[PDB]
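Notes for the one structure printed next.
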C-alpha cells in the first residue's frame, strides 16, 4: 500500500549502511506494526518524569 | 577513494527518505571535511557541564 | 555500569522530534517480541530463492 | 521556547555512540560554515547535466 514509485540509494558506507538499514527497517516496521508497547512503555516510563 | 563495491537499497517512505538522505550525507561529508568547529564546540560545550 | 542512565542535552525542535521518534521506533522494535518482524524478514529472504520461478501457481 | 533545553535520558553503549556520532555530524553540518558542502553539492548537481558527454576532453 502506497504509490507505484520507490526511492533508490547508491552509496558505500560500512557504518552508514548498517545504521541506515536498522533505522530504515525500524520505521517501516513501526508503520506496519501497531503501537501498544510504545504507549504502554511511554506512560509507564512517564511515571519517572515529573 | 574506497573499495569498488557499493550498497544499493530500494524503499518508499517519505519522512524516511528526507531523514536517511541527510543522515547519510551528514556522515559522508563529516568524513570528507575536517573537524575544526567540532573540536572548538566540543570543549566550549563541555564548559557548560561540571 | 551497563544500565548507566545517560542523558542527551539538545535544543532543536525538528531535531527533537526526529531523534525521539527514531530512538523510540528502534528501542520499541528491539523491546517488543519481534514475532511479525522475524517471520517477515525470514519469508522475504526465502522468497528471493523462489523468485527464480519454481512454484506451479503464485499470487499477490 | 524554540531553544528548549530538552534532555533525552538513554542507557545503551552502541545506542549512545551511534546516536551521538550522527547527532554531532548533523548539528555540526548545520552549525559550522559548510562552504565545501555547498560547492560540492552544486558541482555534482551541475556535472550530472553535463554527463551527456559535451566537453572537449574529460579527466579524473
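Here, each number is a calculation from the coordinates, and none is a lab measurement. Because the Cβ atoms are built from the backbone with ideal geometry, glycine has one as well, and the counts that use them run over all protein chains shown.
Values as computed for the structure displayed
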{"quantity": "Degrees separating the helix A:14-32 axis from the principal Cα axis of chain A, which is the longest one", "calculated": "60"}
{"quantity": "Shielding by other protein chains, C:40-49, mean Cβ within 10 Å", "calculated": "1"}
{"quantity": "Pseudo-label separations to other copies for residue B:15 - Cα-to-Cβ vector, 7 Å, nm", "calculated": "2.6"}
{"quantity": "Spin-label pair residue A:7/residue D:14, simplified geometry with 7 Å Cα→Cβ offset, distance in nm", "calculated": "2.4"}
{"quantity": "More than 15 angstrom apart: percent of Cα pairs within chain A", "calculated": "67"}
{"quantity": "Chain A: angle of helix A:36-46 to the longest principal axis, Cα-based, in degrees nearest 10", "calculated": "50"}
{"quantity": "Whole-Å semi-axes of the ellipsoid equivalent to the protein assembly as shown (Cα gyration tensor, √5λ, descending)", "calculated": "32, 31, 15"}
{"quantity": "Residue-averaged 222 nm ellipticity for the protein assembly as shown, from DSSP H runs of 4+ at -39500 (n - 2.57), nearest 500", "calculated": "-19500 deg cm²/dmol"}
{"quantity": "Pseudo-label separations to other copies for residue D:38 - Cα-to-Cβ vector, 7 Å, nm", "calculated": "5.2"}
{"quantity": "Label geometry 7 Å along the beta-carbon vector: residue C:2 inter-copy distances in nm", "calculated": "4.4"}
{"quantity": "Closest Cβ on chain A to the rotation axis that carries it onto B (distance rounded to whole Å)", "calculated": "A:9, 2"}
{"quantity": "Cα-Cα pairs of chain D separated by more than 15 Å (percent)", "calculated": "72"}
{"quantity": "Residues of region D:8-33 with amide N under 17 Å of the 7 Å Cα→Cβ point at residue C:4", "calculated": "D:8-21"}
